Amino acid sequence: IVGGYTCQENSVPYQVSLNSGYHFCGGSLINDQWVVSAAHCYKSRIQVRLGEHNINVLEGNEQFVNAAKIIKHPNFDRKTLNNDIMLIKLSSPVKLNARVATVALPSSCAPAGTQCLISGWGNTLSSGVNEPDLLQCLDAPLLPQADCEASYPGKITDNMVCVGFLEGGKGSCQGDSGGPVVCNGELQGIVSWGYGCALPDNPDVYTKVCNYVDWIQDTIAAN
């Protein structure tokens, strides 16, 4: 997260870090046994870390659990990043508490102009790389589809929404991928892709969660 602020500790309780020997993607806890992330974050072995604030320091609220089942959306297109959604079933249920909590699935598609919360341990620079220790937060609005499209001529599907600032300076970056976009307490997007980081005219693109609720439910039920 470029140009965000440090979240208050454990203030984003559904935020998880996907770890493969290092943090590589975020995710969201949607029930005591399941995490939703980006399909582009797939790896054959993943340790899910919940209750984190400082990814490099054991603060006492961490829960570390291995991924049992990792399910990429059957129509994920690694080329367009269309259907960039994946589900992770935890090897075991976590203890839900103050610092480890679930986030609701969306009851509807949020309108353009809604203010959402984006979080992650992703790169904090507009140029070069700086990996933060503490979880970063960013308040940003949902843009109208037409600005989305204009920005990435021919690349936006209806399973994608733009979130951000057309003027630059703030945004999601590498390492924020698969993390949450929460609006009025519901998960509206999954951090997916953008061009550069925090650059003018290049908003962030998110997987539109409101398009997969069914998919999410069925999968969880069948698995």
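Quick note: we count residues from 1 along the sequence shown, nothing fancier.
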Report summary line: Mean B factor on CA atoms, stretches 177 to 185 and 152 to 160, record says higher is 152 to 160
Query raised in the report: Do the CA atoms of 87 to 95 or those of 113 to 121 have the higher mean B-factor in the entry?
Result: 87 to 95
Requested in this report: Have a look at 202, 207, 17, 20 and flag the one whose Cα has the highest B-factor in the entry.
Outcome: 20
Query - Position of residue 223 among the chain's modelled residues by C-alpha B-factor, lowest, middle or highest third - result: highest
Requested in this report: Would you please rank residue 54 by its C-alpha temperature factor against the other modelled residues of its chain and give the third it falls in: lowest, middle or highest?
Outcome: middle
Report summary line: For residue 27, the third of its chain by CA B-factor is the lowest
Requested in this report: Consider only the C-alpha atoms of the modelled residues in this chain, order them by B-factor as the entry records it, and name the third containing residue 8: lowest, middle or highest.
Outcome: middle
Report task. State the tercile, meaning the lowest, middle or highest third, of residue 135 with respect to the CA B-factors recorded for its chain. Result -> lowest
